[PDB]
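Taking the form deposited in one PDB entry, here's one chain by itself in structure tokens.
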């Protein structure tokens, strides 16, 4: 007798539906979400049964005190990620304590901690408040670093500037290692997303983007609060990034994991990342 390994999944998934209506006028029951997503296994982990996805994706959400927003995120994204036939896991990196938020350091934590679970080769870094409006917008990696949230409703569906890298992005393991990860030292200063962009183009990379219709995303907010925010200006950090990118990153990532929870729909890692010192 002879066994046959599973086929790799197709380049293009045949399960996609295209555009989706994203609304926030209804409560979310995470137990129902789990029941409606029965193939999602403990810790927010899924892989296709019929095929071997090339996309081994850790989705990393930097987090503090945003549970109700996280529920909407899980409600919308789990169905999309399954339809995209991804071998994926959800990581919510929760910053313990009440010091200034350090988004990029928590992203770096997620990279390192996710790798202790599984041989992931792609990392999606996502704001908890951003939901894609079209499941052709792939939550996985490309030959170039990928900017996923290209047309956000809160910016009028405009891209703030050509170098804008905020919201949702995807880097391969290799892209991330080549840039020495993300800066840990920004804390509340501003510009970590521009720093990351600068790292990538200093390393010869060129940002890839879905087209602007496919790449539309909705910000979680009450309907009464819908409005166009001002587009952000670029932070001036090019020279700074060049000076510091090799000394601030994976090789300076200091943290302690305080507790880990494998909930049905996500893994939460609560961490002490120290202080702006």
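The term rigid core refers to the most C-alpha atoms you can superpose between the two forms while keeping them within 1.5 Å. Positions refer to the first chain, counted from 1. Shifts are known only where both forms have a C-alpha.
Would you tell me which stretch averages the higher CA B-factor in the PDB entry, 259-267 or 8-16? Higher mean C-alpha B-factor in the PDB entry: 8-16.
Comparing 95-103 with 162-170, where is the mean C-alpha B-factor higher? The deposited B-factors put 95-103 ahead on the C-alpha mean.
In terms of CA temperature factor as recorded, identify the highest of 231, 208, 241, 247. Largest recorded C-alpha B-factor: 247.
Going by what the PDB entry lists, where does residue 85 fall on CA B-factor within its chain: lowest, middle or highest third? Highest third - that is where residue 85 ends up once the chain's C-alpha B-factors are sorted.
Taking the chain's C-alpha temperature factors as the reference, tell me which third residue 154 falls into: lowest, middle or highest. Answer is highest: the recorded C-alpha B-factor places it there.
Check where residue 70 lands among this chain's C-alpha B-factors and tell me if it's the lowest, middle or highest third. For residue 70, the deposited C-alpha B-factor lands in the lowest third.
Looking at the entry's B-factor column for C-alpha atoms only, identify whether residue 21 ranks in the lowest, middle or highest third of its chain. Within its chain, residue 21 is a lowest-third residue by C-alpha B-factor, going by the deposited values.
Residue 113's Cα B-factor: lowest, middle or highest third of the chain? Middle third, going by the recorded CA B-factors of the chain.
Just so it is clear, the following notes concern the form deposited in another entry, a form of the same protein that is not shown.
Option from 113, 153, 129, 135 moving between this form and the one not shown, CA shift at or above 2 Å, rigid core reference: Single residue meeting the criterion: 153.
My question is whether residue 162 is one of the residues whose C-alpha shifts by 2 Å or more between this form and the one not shown, given a fit on the rigid core. For residue 162, whose C-alpha is compared between this form and the one not shown after core superposition, the shift is 2 Å or more.
Superposing on the rigid core, I want to see if residue 87 changes position between this form and the one not shown - specifically a Cα shift of 2 Å or more. Residue 87 C-alpha, core-superposed: shift of less than 2 Å.
Direction of the Cα shift between residue 193 and residue 84 in that other deposited form, where the change is 3 Å or more: Relative to this form, farther apart in that other deposited form.
Compared with this form, is the residue 162-residue 131 Cα separation smaller or larger in that other deposited form, the difference being 3 Å or more? Relative to the displayed form, residue 162 and residue 131 draw closer in that other deposited form - a change of at least 3 Å between their C-alphas.
Give me the stretches of at least three consecutive residues whose Cα atoms move by 2 Å or more between this form and the one not shown once the core is superposed. Three-plus residue runs displaced between this form and the one not shown: 153-155, 157-163, 191-195.
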